[PDB]
Amino acid sequence: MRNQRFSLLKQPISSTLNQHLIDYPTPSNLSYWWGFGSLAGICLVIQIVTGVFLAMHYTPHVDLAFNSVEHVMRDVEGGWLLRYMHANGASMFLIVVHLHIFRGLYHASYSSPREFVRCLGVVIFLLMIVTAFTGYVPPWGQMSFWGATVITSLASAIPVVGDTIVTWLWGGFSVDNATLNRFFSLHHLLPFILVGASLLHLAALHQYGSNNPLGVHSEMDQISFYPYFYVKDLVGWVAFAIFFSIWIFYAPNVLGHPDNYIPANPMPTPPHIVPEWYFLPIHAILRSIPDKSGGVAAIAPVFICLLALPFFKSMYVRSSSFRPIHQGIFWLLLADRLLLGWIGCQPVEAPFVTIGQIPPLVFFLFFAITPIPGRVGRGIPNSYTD
Amino acid sequence: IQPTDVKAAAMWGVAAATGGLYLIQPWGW
Amino acid sequence: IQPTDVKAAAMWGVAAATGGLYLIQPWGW
Amino acid sequence: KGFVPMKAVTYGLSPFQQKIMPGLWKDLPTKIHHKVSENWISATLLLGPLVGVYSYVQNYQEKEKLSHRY
Amino acid sequence: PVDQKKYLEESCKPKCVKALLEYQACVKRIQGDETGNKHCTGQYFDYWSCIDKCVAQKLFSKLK
Amino acid sequence: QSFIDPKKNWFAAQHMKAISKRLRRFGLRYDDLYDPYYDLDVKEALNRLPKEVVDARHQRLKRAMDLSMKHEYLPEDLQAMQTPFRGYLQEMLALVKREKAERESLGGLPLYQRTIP
Amino acid sequence: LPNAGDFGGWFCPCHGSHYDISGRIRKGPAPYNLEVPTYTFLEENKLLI
Amino acid sequence: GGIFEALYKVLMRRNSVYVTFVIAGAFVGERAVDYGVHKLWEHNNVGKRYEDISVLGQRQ
Amino acid sequence: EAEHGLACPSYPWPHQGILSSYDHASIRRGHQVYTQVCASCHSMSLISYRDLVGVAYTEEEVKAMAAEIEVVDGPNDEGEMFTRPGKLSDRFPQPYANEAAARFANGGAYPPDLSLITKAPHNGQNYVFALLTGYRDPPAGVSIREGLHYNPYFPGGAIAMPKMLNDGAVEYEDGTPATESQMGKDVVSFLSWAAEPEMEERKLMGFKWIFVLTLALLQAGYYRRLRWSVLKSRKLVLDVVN
Ligand SMILES: CCCCCCCCCCCCCCCCCC(=O)OC[C@H](COP(=O)(O)OCCN)OC(=O)CCCCCCCCCCCCCCCCC
Ligand code: HEC
Ligand code: HEM
Ligand code: HEM
Ligand SMILES: COC(=O)N(OC)c1ccccc1COc1ccn(-c2ccc(Cl)cc2)n1
C-alpha cells in the first residue's frame with residue numbers, strides 16, 4: 001500500500017502480471033537455451049486458434065471425413081493455409097519441446113528444489129502424445145486407419161480384463177464410425193487440459209526461480225525480465241517464424257506420408273506402416289520385444305524412469321560444465337535416441353533386429369548409471385584437496 | 001504402537017477391496 | 001487538460017485514418 | 001528469499017556513446033578456433049557411433065544382395 | 001513422329017557398355033534351365049538405371 | 001576407495017586437472033558450487049562460519065556470473081593466483097551431519113525441515 | 001500380407017508376425033493360433049461362413 | 001548526416017503522429033514489395049501464362 | 001529386388017523452382033489426353049467444370065464442354081428422376097456405377113481415382129511419367145500371367161493395365177506432334193495441377209513474407225544489442241583475490 005497512487009503497474013489489477021512477467025528477478029547469464037519455453041507456449045496457441053477454424057468445416061463421419069478435408073483445401077478462402085499451418089505446426093511443437101527437455105538434462109534442472117517442475121512436465125509430455133495421436137485419425141486415410149488398429153489392439157495383451165478394454169475403447173468389434181466420433185470429441189477437450197497444466201507448471205518455477213549455466217546460487221547478480229529477456233526472446237520468435245514459413249510455402253508435404261492421401265480401405269494393408277517422425281523412438285522400443293505383453297511393459301518404464309530422476313540424492317554440482325565424465329555420457333545418449341528413430345522406420349528383419357535391441361538397453365542404462373556418480377563423486381573434495 | 005500403525009494401515013488396503021469390487025465387479029481377473 | 005483534449009484528437013484522427021487503412025484500400029497513393 | 005548483503009563499485013556508460021553492431025565480425029578466425037579445439041570430443045561422441053553403424057548396414061545389405069543373384 | 005525417348009535410349013548405349021555386358025553373361029548362366037527359379041532380374045535392373053539416367057537429362061529440352 | 005586417489009592412479013590425475021582447469025577461468029573454488037537451496041544442511045554450515053569467510057564466497061560468485069554474461073574468462077595474470085581445492089566448508093558440513101545422525105538414533109525431532117512445494 | 005514372409009505365409013509388418021500358411025505362428029508375439037470357425041461342404045466347393 | 005536530426009525534428013516528439021507513420025508506412029512498404037514480387041514473377045515465366053494460349057478463343 | 005519396383009529418375013519439370021509456374025498450354029493439352037484416353041476407366045470426382053475457367057479454357061468453352069453430358073437430376077412433381085445437360089457446377093463424370101462394377105470390367109483389379117495421384121505415391125510426378133512410358137519386355141527367366149503385362153516400375157512387376165499411350169492416339173488442336181513422350185509429359189502436368197491447384201498463389205505469398213521477415217530480424221538484433229550494452233561493458237571492483 002501507500003497513501004496515494006504511484007505507477008499503475010503496482011496496482012492490484014495488474015500485480016500478478018507485474019511481479020511475474022515484468023519485474024521478475026532473473027539470473028543475468030541465461031543463454032539462448034532458456035528461450036525454448038516461451039516458444040513452446042506460442043506453438044500451443046497456434047494449434048488452438050488454427051484448429052478452432054478448421055472445425056467449422058470438418059465432418060466426423062466415415063462417409064464424409066476425407067471429403068471435408070479436400071473441401072477446405074480447394075473451396076475455402078485461404079483454407080490451404082489453415083491446414084498446412086496445423087499439420088506442420090504439430091511438428092514445430094515437438095521440435096521445440098524436445099530441445100527444451102535436453103536443456104534440463106545437461107544442466108540438471110530437475111534437482112532440488114525443483115522436483116515438482118520436472119514431474120509436472122512429464123505429465124505434459126503424456127498429454128501431448130495422446131492429443132497428436134487421436135488427431136491423426138480425423139483425416140481418415142490409409143495411415144489414419146492402420147495406425148489406430150496397430151496401437152489400440154496392443155491393449156489386448158493385458159491379463160484377463162483386456163479384450164473388454166479394447167472393445168470398450170473401440171465401441172464395437174473394429175475401428176469404425178463409433179471410434180471416429182469419440183476421437184473427435186476428446187480432441188477438442190485435451191488441448192484445454194494442456195493449457196491448465198502449463199499455467200500450473202509455471203507457478204512451480206516462480207517459487208524458486210530459474211537455474212543458470214553455471215549451476216550455482218545466483219541471488220547476488222539478478223536483473224529484471226523486462227526489457228532484458230523480452231528483447232532476446234523476441235529475436236527467437238522471429239527466427240522461428242522464418243523456419244516455419246519454409247515448411248508452409250515451399251515444402252508442405254515433406255514431413256508426412258503419401259499413404260494418407262488414399263481413402264481408408266479395411267480390406268488391404270499398406271506395405272509399410274510407419275508413424276510420424278516424432279513417434280519413431282518409442283515405436284522402435286515397442287517392436288524390439290519379441291513378446292507383445294512385454295512391449296507395453298517397456299513403454300511404461302520409459303515414463304517411470306523419467307518421473308524418478310529427481311529423487312536420487314547425492315550430487316552437489318549441477319552443471320555439466322564442471323563435470324567432465326557425465327558430460328560425455330550426455331552426448332552418447334543423444335546419439336542413441338537418434339539411432340532409435342532410424343530403426344523405427346525400417347523393416348523388421350536382419351540386421352535391424354540386433355541394432356534395435358542393444359539401443360533399448362543403452363537407453364535404460366542411462367538412468368541406472370546416473371546415481372553411481374552420486375556416490376563416487378561425493379568423495380572428490382577429500383582426495384583432490386590442495 | 002508403530003506395529004499398530006501398520007496393523008491398522010493394511011486393513012484400509014482391504015476396506016478398499018470391499019470397496020474395489022463394490023461398484024465395478026472386475027470380473028475376469 | 002487542453003493538451004489532453006488535442007492529444008485525444010491527434011490519435012482520434014489515427015483510428016479514423018487507421019481503420020481507413022485496413023479495409024477500403026485505394027492503393028496507388 | 002532474495003537478499004545477499006554485498007559491497008562493490010560499478011561504473012557504466014550510456015547506450016548512445018558506444019558502437020552497437022561492429023563487435024560481431026571482429027576476430028572470427030580466432031573465435032572459430034576456440035570453439036572447435038574445445039568441442040571436438042563431444043562431436044566425436046555424437047557422430048562417431050552414427051557413421052560407424054551406417055557403414056555396417058550398407059555393407060551387410062550389399063552382401064546379401066549379391067548372394068541372391070544367379 | 002518417331003519417339004524422342006526411344007531415339008535417345010538408343011544413343012545412350014555407347015556410354016554403358018559395362019552394365020550391358022554383365023546382363024549378357026547372366027542369360028548364358030541360365031541358358032538351358034532345369035527347374036525354372038533362375039532369372040536375371042538384378043542385372044536387368046542395373047542396366048536400365050544407367051539408361052534412365054542420361055535420358056532424364058536431355059529429353060525435356062526436346063519436347064514442346 | 002582405490003580408484004579415486006590421484007597420486008596412485010593415472011586416470012584420476014587427469015580427471016583432477018580437468019576440473020582444476022575449468023574452475024580457474026571463472027576464479028571459483030570447488031566449495032562455491034554447493035547450493036544452500038539444494039541441501040538444507042549446507043545452509044547451516046554457512047551460518048556457523050565467520051562473516052569474512054562467507055563474504056569472500058559471495059564476491060567470487062558475483063565475479064564469475066559477470067564473466068559468463070560477457071562471454072570471457074579471467075586474464076592470465078589473475079589465473080595464476082587462483083587456488084581451487086582450497087576448502088572452507090567440508091569440515092563444518094561433516095559436523096552438522098554427524099550431529100543429525102545422533103539426534104535420530106536417540107529420538108528427537110529434526111531441527112529444520114524442508115518445505116513441501 | 002500374403003505372398004511374403006519367412007515361409008511365404010501371412011507376413012504381418014505391423015509388429016513382426018511371421019506366420020506359416022498353416023496358420024499357427026512361427027516367430028512372433030501372437031498369443032494364440034488363428035480362430036477356427038465351423039463350416040463343411042454342401043456338395044462341391046462352397047463352404048459357408 | 002543532416003537528414004537524421006531533421007527527420008526527428010518534425011514528427012515524433014508526439015505519440016499519435018508516430019502511430020500514423022507505422023500504420024501508413026506499413027502500406028507504402030507493403031505495396032512496394034508486392035509490386036516487385038509481381039514483376040519478378042512475370043519475367044521468369046514468359047510464354048507460360050493463361051493469356052499466352054494460341055488457341056484460346058477457338059474450341060468448337 | 002523386384003518387390004518395390006525400379007527407381008525412377010528425376011526430370012526437370014517446368015513448374016519446379018522457387019519462382020516457377022505451371023505451363024498453362026500444357027495443362028490445356030493434358031486435359032485432352034485425359035478425356036479421350038483415360039476417362040473411360042478412371043474417375044476424378046473432386047474436380048468440377050468451373051475449375052478450368054481461367055486456367056486452360058474460357059467460360060464459353062466450358063459451357064459447351066459441360067453441355068455434352070447427361071446428368072441425373074432430382075425428383076419432379078411426379079416423384080421420378082430424369083436427365084439434364086450438364087452445367088458449370090457439376091463434377092467430372094464417373095465411368096462406372098460403383099467399385100464392384102469397376103472390378104468386374106477389369107479382371108478383378110480396380111483402377112484408382114486420379115485426382116490426387118501425384119501426391120499418393122512416393123516421388124509421384126517422376127513415377128507416373130516413368131510408368132506410362134516404361135512398358136518393356138521381361139528379362140530372362142520371368143513369366144507373366146495371362147491378362148497381365150510387364151512394367152518394371154510397378155511394385156511386383158506385373159500390372160493389370162495395358163499400354164495405352166501409343167503414337168498418334170490424340171489429335172492435338174495446336175499443331176503439336178502427338179508422340180508417346182509428348183502425351184506422357186502433357187498428362188502429368190495436368191495431373192500435377194489437379195492435385196495442387198494452389199501452388200501459384202502459394203509460392204507468391206511465401207516470397208513476400210520470407211523477405212519481409214528477414215527485415216524484422218535485422219531490427220530485432222539491433223534492438224537487442226542496444227538494450228544490453230550498459231551491462232556488457234560495465235566495470236566492477238570487488239575486493240577478493242583468490
Ligand atoms: C531413491 C529413490 C527411489 C526411487 C524414487 C521413488 C520411486 C519412483 C516412483 C516415482 C514417484 C516418486 C515418489 C517419491 C516422492 C516423495 C519422495 C520424497 O518425499 O523425498 C523426500 C525429500 C527429502 O526428504 P526429507 O524432507 O529430508 O525427509 C526424509 C527424512 N526421512 O523431500 C521431497 O522430495 C518432497 C518435496 C518435493 C515433493 C513435491 C512433489 C514432487 C513429485 C512427487 C510426485 C511423484 C510424481 C507424480 C507426478 C506429480 C504431479 C502430478
Ligand atoms: C484399360 C483401361 C484403362 C486405361 C484406358 C487407363 N487405365 Fe490406368 N489403370 C487401369 C487399371 C485396371 C489399373 C490397375 C492396375 C493394377 O492394379 O495393377 C490402372 C492403374 C493406373 C495407375 C496406378 C499405378 C499404380 O502404381 O498404382 C495409374 C497412375 C494410371 N492407371 C494412370 C493412367 C493414365 C495416365 C491413363 C491415360 C494414359 C490410364 N491410366 C488409362 C485401367 C486403365
Ligand atoms: C507445453 C509444454 C511446455 C511449456 C509451455 C513449458 C513452459 C516453460 C517455461 C515458460 C519455462 C520458463 C523458463 C525457460 O524457458 O527455461 C519452463 C522451464 C522449465 N521446464 Fe517447461 N514447458 C513445457 C514442457 C516441459 C517439459 C516436457 C519438461 C520436462 C520433462 C519441462 C521442464 C522444465 C524445466 C525443468 C524447467 C526449468 C529449467 C530451468 O529453469 O533451468 N517443461 N517451462
Ligand atoms: C482446441 C484445439 C484443437 C482443435 C479444435 C483441433 C481440431 C482439429 C481438426 C478439426 C482436425 C481435422 C482436420 C485436419 O485433418 O486437418 C485436426 C487434425 C489434427 N490435429 Fe488438431 N485441433 C486442436 C488442437 C491440436 C493440438 C494442440 C495438436 C497437437 C499437439 C493437434 C494435432 C492435430 C494433428 C496432428 C492433426 C492431423 C492433421 C493432419 O495430419 O492432416 N491438434 N485437429
Ligand atoms: C501421429 O500419430 C501417428 O503417427 N500414428 O497414429 C495414427 C501412427 C501411425 C502409424 C503407425 C503408428 C502410429 C502411432 O505411433 C505410435 C508409437 C507409439 N505410440 C503411442 C501412442 C499413444 C500412446 Cl498413449 C503411447 C504410444 N504411437
# chains A, B, ... in the order shown; residues from 1 in each chain; ligands from 1

$ calpha_fit_and_write --fixed "chain B" --moving "chain C" --output "PDB file with N, CA and C atoms, in the first residue's frame"
ATOM      1  N   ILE C   1       1.410 -49.674  18.314  1.00  0.00           N
ATOM      2  CA  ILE C   1       2.126 -48.409  18.430  1.00  0.00           C
ATOM      3  C   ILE C   1       2.429 -48.110  16.954  1.00  0.00           C
ATOM      4  N   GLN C   2       3.589 -48.631  16.533  1.00  0.00           N
ATOM      5  CA  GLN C   2       4.105 -48.866  15.202  1.00  0.00           C
ATOM      6  C   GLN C   2       3.559 -50.179  14.638  1.00  0.00           C
ATOM      7  N   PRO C   3       3.356 -51.258  15.424  1.00  0.00           N
ATOM      8  CA  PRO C   3       2.474 -52.327  14.923  1.00  0.00           C
ATOM      9  C   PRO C   3       1.053 -51.877  14.637  1.00  0.00           C
ATOM     10  N   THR C   4       0.433 -51.073  15.516  1.00  0.00           N
ATOM     11  CA  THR C   4      -0.950 -50.645  15.318  1.00  0.00           C
ATOM     12  C   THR C   4      -1.080 -49.652  14.169  1.00  0.00           C
ATOM     13  N   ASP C   5       0.026 -49.006  13.783  1.00  0.00           N
ATOM     14  CA  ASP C   5       0.063 -48.185  12.580  1.00  0.00           C
ATOM     15  C   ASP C   5      -0.202 -49.036  11.341  1.00  0.00           C
ATOM     16  N   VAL C   6       0.803 -49.891  11.091  1.00  0.00           N
ATOM     17  CA  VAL C   6       0.760 -50.780   9.896  1.00  0.00           C
ATOM     18  C   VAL C   6      -0.475 -51.664   9.999  1.00  0.00           C
ATOM     19  N   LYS C   7      -0.879 -52.037  11.214  1.00  0.00           N
ATOM     20  CA  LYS C   7      -2.024 -52.968  11.384  1.00  0.00           C
ATOM     21  C   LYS C   7      -3.269 -52.112  11.204  1.00  0.00           C
ATOM     22  N   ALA C   8      -3.062 -50.798  11.039  1.00  0.00           N
ATOM     23  CA  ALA C   8      -4.221 -49.944  10.705  1.00  0.00           C
ATOM     24  C   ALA C   8      -4.210 -49.903   9.186  1.00  0.00           C
ATOM     25  N   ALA C   9      -3.034 -50.081   8.624  1.00  0.00           N
ATOM     26  CA  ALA C   9      -2.823 -49.912   7.163  1.00  0.00           C
ATOM     27  C   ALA C   9      -3.247 -51.139   6.355  1.00  0.00           C
ATOM     28  N   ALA C  10      -2.867 -52.330   6.811  1.00  0.00           N
ATOM     29  CA  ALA C  10      -3.284 -53.596   6.181  1.00  0.00           C
ATOM     30  C   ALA C  10      -4.813 -53.703   6.000  1.00  0.00           C
ATOM     31  N   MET C  11      -5.630 -53.266   6.972  1.00  0.00           N
ATOM     32  CA  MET C  11      -7.091 -53.436   6.770  1.00  0.00           C
ATOM     33  C   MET C  11      -7.643 -52.093   6.283  1.00  0.00           C
ATOM     34  N   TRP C  12      -6.770 -51.078   6.120  1.00  0.00           N
ATOM     35  CA  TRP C  12      -7.192 -49.794   5.490  1.00  0.00           C
ATOM     36  C   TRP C  12      -7.053 -50.013   3.992  1.00  0.00           C
ATOM     37  N   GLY C  13      -6.168 -50.937   3.604  1.00  0.00           N
ATOM     38  CA  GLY C  13      -6.078 -51.367   2.203  1.00  0.00           C
ATOM     39  C   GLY C  13      -7.008 -52.536   1.968  1.00  0.00           C
ATOM     40  N   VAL C  14      -7.850 -52.882   2.950  1.00  0.00           N
ATOM     41  CA  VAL C  14      -8.902 -53.923   2.723  1.00  0.00           C
ATOM     42  C   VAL C  14     -10.167 -53.189   2.263  1.00  0.00           C
ATOM     43  N   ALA C  15     -10.573 -52.155   3.008  1.00  0.00           N
ATOM     44  CA  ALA C  15     -11.745 -51.343   2.617  1.00  0.00           C
ATOM     45  C   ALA C  15     -11.536 -50.955   1.162  1.00  0.00           C
ATOM     46  N   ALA C  16     -10.421 -50.268   0.895  1.00  0.00           N
ATOM     47  CA  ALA C  16     -10.113 -49.763  -0.457  1.00  0.00           C
ATOM     48  C   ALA C  16     -10.324 -50.892  -1.449  1.00  0.00           C
ATOM     49  N   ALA C  17      -9.875 -52.082  -1.074  1.00  0.00           N
ATOM     50  CA  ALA C  17      -9.932 -53.134  -2.095  1.00  0.00           C
ATOM     51  C   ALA C  17     -11.026 -54.118  -1.669  1.00  0.00           C
ATOM     52  N   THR C  18     -12.027 -53.609  -0.908  1.00  0.00           N
ATOM     53  CA  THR C  18     -13.266 -54.375  -0.507  1.00  0.00           C
ATOM     54  C   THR C  18     -14.497 -53.570  -0.947  1.00  0.00           C
ATOM     55  N   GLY C  19     -14.348 -52.254  -1.089  1.00  0.00           N
ATOM     56  CA  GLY C  19     -15.402 -51.453  -1.727  1.00  0.00           C
ATOM     57  C   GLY C  19     -14.890 -51.312  -3.137  1.00  0.00           C
ATOM     58  N   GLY C  20     -13.684 -51.770  -3.392  1.00  0.00           N
ATOM     59  CA  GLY C  20     -13.274 -51.804  -4.806  1.00  0.00           C
ATOM     60  C   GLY C  20     -13.616 -53.214  -5.195  1.00  0.00           C
ATOM     61  N   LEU C  21     -14.624 -53.785  -4.502  1.00  0.00           N
ATOM     62  CA  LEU C  21     -14.941 -55.228  -4.638  1.00  0.00           C
ATOM     63  C   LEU C  21     -16.438 -55.459  -4.416  1.00  0.00           C
ATOM     64  N   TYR C  22     -17.234 -54.395  -4.554  1.00  0.00           N
ATOM     65  CA  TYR C  22     -18.719 -54.565  -4.489  1.00  0.00           C
ATOM     66  C   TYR C  22     -19.418 -53.658  -5.513  1.00  0.00           C
ATOM     67  N   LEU C  23     -18.686 -52.736  -6.192  1.00  0.00           N
ATOM     68  CA  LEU C  23     -19.522 -51.866  -7.045  1.00  0.00           C
ATOM     69  C   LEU C  23     -19.021 -51.937  -8.499  1.00  0.00           C
ATOM     70  N   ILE C  24     -17.918 -51.256  -8.898  1.00  0.00           N
ATOM     71  CA  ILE C  24     -17.281 -51.387 -10.258  1.00  0.00           C
ATOM     72  C   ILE C  24     -16.811 -52.834 -10.265  1.00  0.00           C
ATOM     73  N   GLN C  25     -16.901 -53.601 -11.382  1.00  0.00           N
ATOM     74  CA  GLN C  25     -16.646 -55.039 -11.108  1.00  0.00           C
ATOM     75  C   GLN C  25     -15.962 -55.699 -12.310  1.00  0.00           C
ATOM     76  N   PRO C  26     -14.671 -55.425 -12.593  1.00  0.00           N
ATOM     77  CA  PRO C  26     -13.958 -56.142 -13.634  1.00  0.00           C
ATOM     78  C   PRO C  26     -14.025 -57.579 -13.102  1.00  0.00           C
ATOM     79  N   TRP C  27     -14.733 -58.481 -13.803  1.00  0.00           N
ATOM     80  CA  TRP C  27     -15.011 -59.825 -13.209  1.00  0.00           C
ATOM     81  C   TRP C  27     -14.304 -61.023 -13.847  1.00  0.00           C
ATOM     82  N   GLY C  28     -13.578 -60.844 -14.963  1.00  0.00           N
ATOM     83  CA  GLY C  28     -12.837 -62.038 -15.326  1.00  0.00           C
ATOM     84  C   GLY C  28     -11.682 -62.406 -14.416  1.00  0.00           C
ATOM     85  N   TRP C  29     -11.066 -61.429 -13.763  1.00  0.00           N
ATOM     86  CA  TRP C  29      -9.853 -61.691 -12.995  1.00  0.00           C
ATOM     87  C   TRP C  29     -10.151 -62.098 -11.555  1.00  0.00           C
TER      88      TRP C  29
END

$ closest_atom_pairs --of "chain A" --to "ligand 3" --cutoff "7 Å" --atoms "only C-alpha atoms and all ligand atoms" --output "tab-separated table"
residue	atom	partner	partner_atom_place_in_ligand_line	distance
A:34	CA	ligand 3	16 (O)	4.1
A:35	CA	ligand 3	15 (O)	5.0
A:36	CA	ligand 3	15 (O)	5.5
A:37	CA	ligand 3	15 (O)	3.6
A:38	CA	ligand 3	10 (C)	4.5
A:40	CA	ligand 3	5 (C)	4.9
A:41	CA	ligand 3	5 (C)	4.2
A:44	CA	ligand 3	1 (C)	6.7
A:97	CA	ligand 3	24 (C)	6.0
A:100	CA	ligand 3	42 (N)	6.6
A:101	CA	ligand 3	29 (C)	5.0
A:104	CA	ligand 3	35 (C)	5.2
A:109	CA	ligand 3	35 (C)	5.0
A:110	CA	ligand 3	35 (C)	5.3
A:117	CA	ligand 3	35 (C)	5.6
A:118	CA	ligand 3	35 (C)	4.8
A:121	CA	ligand 3	26 (C)	4.1
A:122	CA	ligand 3	30 (C)	4.7
A:124	CA	ligand 3	27 (C)	5.7
A:125	CA	ligand 3	27 (C)	4.9
A:194	CA	ligand 3	1 (C)	6.9
A:198	CA	ligand 3	5 (C)	5.5
A:202	CA	ligand 3	9 (C)	6.4
A:205	CA	ligand 3	37 (C)	6.7
A:209	CA	ligand 3	40 (O)	6.9
A:210	CA	ligand 3	40 (O)	3.8
A:211	CA	ligand 3	41 (O)	4.0
A:212	CA	ligand 3	41 (O)	6.1

$ closest_atom_pairs --of "chain A" --to "ligand 4" --cutoff "9 Å" --atoms "only C-alpha atoms and all ligand atoms" --output "Markdown table"
| residue | atom | partner | partner_atom_place_in_ligand_line | distance |
| --- | --- | --- | --- | --- |
| A:43 | CA | ligand 4 | 27 (C) | 8.5 |
| A:44 | CA | ligand 4 | 27 (C) | 5.9 |
| A:45 | CA | ligand 4 | 27 (C) | 8.0 |
| A:46 | CA | ligand 4 | 27 (C) | 8.3 |
| A:47 | CA | ligand 4 | 27 (C) | 4.9 |
| A:48 | CA | ligand 4 | 2 (C) | 4.2 |
| A:49 | CA | ligand 4 | 2 (C) | 7.2 |
| A:50 | CA | ligand 4 | 6 (C) | 7.3 |
| A:51 | CA | ligand 4 | 6 (C) | 3.7 |
| A:52 | CA | ligand 4 | 5 (C) | 4.4 |
| A:53 | CA | ligand 4 | 5 (C) | 7.5 |
| A:54 | CA | ligand 4 | 10 (C) | 4.9 |
| A:55 | CA | ligand 4 | 10 (C) | 4.0 |
| A:56 | CA | ligand 4 | 10 (C) | 7.6 |
| A:57 | CA | ligand 4 | 10 (C) | 7.7 |
| A:58 | CA | ligand 4 | 10 (C) | 5.7 |
| A:59 | CA | ligand 4 | 10 (C) | 8.2 |
| A:60 | CA | ligand 4 | 10 (C) | 8.6 |
| A:65 | CA | ligand 4 | 12 (C) | 8.6 |
| A:66 | CA | ligand 4 | 15 (O) | 8.5 |
| A:68 | CA | ligand 4 | 13 (C) | 8.2 |
| A:69 | CA | ligand 4 | 14 (C) | 6.1 |
| A:72 | CA | ligand 4 | 16 (O) | 8.7 |
| A:82 | CA | ligand 4 | 16 (O) | 8.1 |
| A:83 | CA | ligand 4 | 16 (O) | 5.2 |
| A:84 | CA | ligand 4 | 16 (O) | 7.9 |
| A:86 | CA | ligand 4 | 38 (C) | 6.5 |
| A:87 | CA | ligand 4 | 38 (C) | 4.6 |
| A:88 | CA | ligand 4 | 40 (O) | 8.0 |
| A:89 | CA | ligand 4 | 29 (C) | 7.9 |
| A:90 | CA | ligand 4 | 29 (C) | 5.0 |
| A:91 | CA | ligand 4 | 35 (C) | 8.1 |
| A:93 | CA | ligand 4 | 30 (C) | 6.8 |
| A:94 | CA | ligand 4 | 30 (C) | 7.9 |
| A:127 | CA | ligand 4 | 30 (C) | 8.4 |
| A:128 | CA | ligand 4 | 30 (C) | 5.2 |
| A:129 | CA | ligand 4 | 30 (C) | 7.3 |
| A:130 | CA | ligand 4 | 30 (C) | 8.4 |
| A:131 | CA | ligand 4 | 30 (C) | 5.5 |
| A:132 | CA | ligand 4 | 32 (C) | 4.5 |
| A:133 | CA | ligand 4 | 35 (C) | 6.8 |
| A:134 | CA | ligand 4 | 33 (C) | 7.7 |
| A:135 | CA | ligand 4 | 19 (C) | 4.3 |
| A:136 | CA | ligand 4 | 37 (C) | 4.0 |
| A:137 | CA | ligand 4 | 37 (C) | 7.0 |
| A:138 | CA | ligand 4 | 12 (C) | 5.2 |
| A:139 | CA | ligand 4 | 15 (O) | 4.4 |
| A:140 | CA | ligand 4 | 15 (O) | 8.3 |
| A:144 | CA | ligand 4 | 40 (O) | 8.9 |
| A:184 | CA | ligand 4 | 10 (C) | 7.6 |
| A:187 | CA | ligand 4 | 4 (C) | 6.3 |
| A:188 | CA | ligand 4 | 1 (C) | 4.6 |
| A:189 | CA | ligand 4 | 1 (C) | 6.7 |
| A:190 | CA | ligand 4 | 2 (C) | 7.6 |
| A:191 | CA | ligand 4 | 27 (C) | 5.0 |
| A:192 | CA | ligand 4 | 1 (C) | 6.6 |
| A:194 | CA | ligand 4 | 27 (C) | 8.1 |
| A:256 | CA | ligand 4 | 40 (O) | 7.6 |
| A:260 | CA | ligand 4 | 41 (O) | 8.2 |

$ write_last_selection --atoms "C-alpha atoms" --output "compact mmCIF listing (two decimals), in the first residue's frame"
# COMPACT_ATOMS: atom_id res chain seq x y z
CA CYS A 43 3.17 -23.23 -30.55
CA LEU A 44 0.29 -24.29 -28.29
CA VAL A 45 -1.67 -21.10 -29.02
CA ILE A 46 -1.18 -21.52 -32.79
CA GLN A 47 -2.63 -25.04 -32.61
CA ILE A 48 -5.70 -23.88 -30.68
CA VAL A 49 -6.53 -20.93 -32.96
CA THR A 50 -5.95 -22.85 -36.20
CA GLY A 51 -7.94 -25.87 -35.03
CA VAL A 52 -10.98 -23.87 -33.93
CA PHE A 53 -11.30 -22.54 -37.50
CA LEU A 54 -10.63 -25.97 -39.03
CA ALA A 55 -13.51 -27.47 -37.04
CA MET A 56 -16.07 -25.15 -38.69
CA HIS A 57 -15.65 -27.12 -41.93
CA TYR A 58 -14.96 -30.73 -40.81
CA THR A 59 -17.48 -33.59 -40.59
CA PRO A 60 -16.74 -36.53 -38.24
CA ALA A 65 -14.49 -37.07 -43.39
CA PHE A 66 -11.96 -37.45 -46.21
CA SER A 68 -14.31 -32.45 -45.87
CA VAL A 69 -10.54 -32.03 -45.74
CA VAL A 72 -11.05 -26.98 -47.12
CA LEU A 82 -5.33 -23.21 -42.39
CA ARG A 83 -4.50 -26.87 -42.94
CA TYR A 84 -0.78 -26.61 -43.64
CA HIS A 86 -1.96 -27.08 -38.44
CA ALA A 87 -0.32 -30.20 -39.86
CA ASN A 88 3.19 -28.76 -39.92
CA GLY A 89 2.56 -26.85 -36.70
CA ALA A 90 2.37 -30.09 -34.75
CA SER A 91 5.89 -30.86 -35.91
CA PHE A 93 5.52 -28.03 -31.26
CA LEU A 94 7.52 -31.25 -30.88
CA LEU A 127 -0.93 -35.23 -22.81
CA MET A 128 0.88 -34.11 -25.97
CA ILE A 129 1.33 -37.68 -27.22
CA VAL A 130 -2.33 -38.64 -26.74
CA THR A 131 -3.53 -35.43 -28.44
CA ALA A 132 -1.39 -35.79 -31.57
CA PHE A 133 -2.24 -39.49 -32.00
CA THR A 134 -6.01 -39.04 -31.57
CA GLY A 135 -5.99 -36.13 -34.02
CA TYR A 136 -4.14 -38.00 -36.76
CA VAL A 137 -7.23 -40.24 -37.19
CA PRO A 138 -9.80 -37.49 -38.27
CA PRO A 139 -8.47 -37.20 -41.87
CA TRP A 140 -9.40 -40.93 -42.27
CA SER A 144 -5.20 -43.00 -40.08
CA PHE A 184 -13.13 -36.08 -32.32
CA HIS A 187 -9.55 -33.96 -29.35
CA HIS A 188 -11.37 -30.71 -28.71
CA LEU A 189 -11.10 -31.33 -24.95
CA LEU A 190 -7.48 -32.37 -24.34
CA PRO A 191 -5.77 -29.14 -25.55
CA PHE A 192 -7.66 -27.21 -22.85
CA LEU A 194 -2.91 -28.98 -21.60
CA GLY A 256 4.21 -36.56 -43.95
CA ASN A 260 -2.70 -40.64 -46.09

$ residues_around --residues "residue 10 in chain I" --least-positions-apart "5" --cutoff "10 Å" --atoms "only C-alpha atoms" --output "list in words"
residues 52, 53, 55, 56 and 57 of chain E; 123, 125, 126, 127 and 130 of chain I

$ residues_near_ligand --ligand "ligand 2" --cutoff "6 Å" --atoms "only C-alpha atoms and all ligand atoms" --output "list in words"
residues 34, 37, 38, 41, 106, 109, 110, 111, 128, 154, 159, 160, 161, 162, 164 and 165 of chain I

$ residues_near_ligand --ligand "ligand 1" --cutoff "6 Å" --atoms "only C-alpha atoms and all ligand atoms" --output "number ranges by chain"
A: 115-116, 119-120, 307-308, 311-312; F: 113-114, 116-117

$ residues_around --residues "range 78-90 of chain I" --least-positions-apart "6" --cutoff "6 Å" --atoms "only C-alpha atoms" --output "MDAnalysis selection string"
chainID I and resid 48:50 66:67 69:72
